[PDB]
């Protein structure tokens, strides 16, 4: 019986080999951006409303043409067999059962077609390959398999310098592979190539600059994820949560605006919503639950988050996520 997401981290730490825990937990450089994701959320306080009608409180949203049970999706995390033998299938099954979209990775350790076969609301995360033709074939595979959005990761021209992994000499075990296979920096031209080759909504993940958010809308993106990649890419990149309010104002409803980085409770989901987010992604906590107890662990995590989101919304006087978006916030200290 886990009562917070932090209960799951302790459990994952006990079970995982240190180098794998470090691959999961770590960030780039001095981990300044990793820590700042948490610091930034902790500075935000919500101004709750009272005495509103809560007879029909609902945490549901519509996003990319589909109902989701919560304003949340499972973030793309590569190589989930690192954490549990069932890997992506355990996570996707639990996500399906919870009514939460699951993001299938380019670097999944089970093939995208197998994960999509689980059902639910799968999205597909794209890393741009060596040549346009292979990238587009990967998008086509995902679309053919029933994925409902393409989450194009745009903050990885190359992978950041993760010093825990360098110090550990971390490498994939032989029993974990990139199952979609037997990369080059993306540009705005790559985005256009993807947009031209699919009817699915294209979601640009890793936007932090206001003008990049505007340009994403102009480029025909259906959404963006305001994100510093969990502090794993540029060390010193601003937390997404700190850019979110400015970005939401600038796009002025032109696309869905998601955020990630450090979401660790329903209260944090509420903060993100109050700052203007359509929805959040959650990464590391899902993997802690997977490591701790497989599919059942992820189910328990999603049930806990669902309860915390409903609790936070109602306590703040919000019968819907739309109402939560209209909450005001105040910045505090420590």
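Numbering follows the first chain given and starts at 1.
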Across the other PDB entries of this protein that model residues on both sides of residue 235, is it left without coordinates in at least a third of them? no
When the other entries of this protein are compared, is residue 86 unmodelled in at least a third of them? no
Could you bin the unmodelled part of the deposited chain lying between residue 182 and residue 183 as none, 1 to 3, 4 to 9, or 10 or more? 10 or more
Is the mean CA B factor in the deposited entry higher across 172-180 or across 158-166? 172-180
Averaged over C-alpha atoms, is the B-factor higher for 41-49 or for 295-303 in this PDB entry? 295-303
Which of 256, 131, 246, 114 ranks first by CA B-factor in the deposited coordinates: 131
The residue of 15, 312, 25, 323 with the maximal C-alpha B-factor according to the PDB record is 15
Going by what the PDB entry lists, where does residue 63 fall on CA B-factor within its chain: lowest, middle or highest third? highest
Check where residue 214 lands among this chain's C-alpha B-factors and tell me if it's the lowest, middle or highest third. middle
Sorting by Cα B-factor within the chain, modelled residues only, which third would residue 308 end up in: lowest, middle or highest? middle
Where does the C-alpha B-factor of residue 196 rank in its chain, lowest, middle or highest third? highest
Residue 81 CA temperature factor, ranked by third within the chain: highest
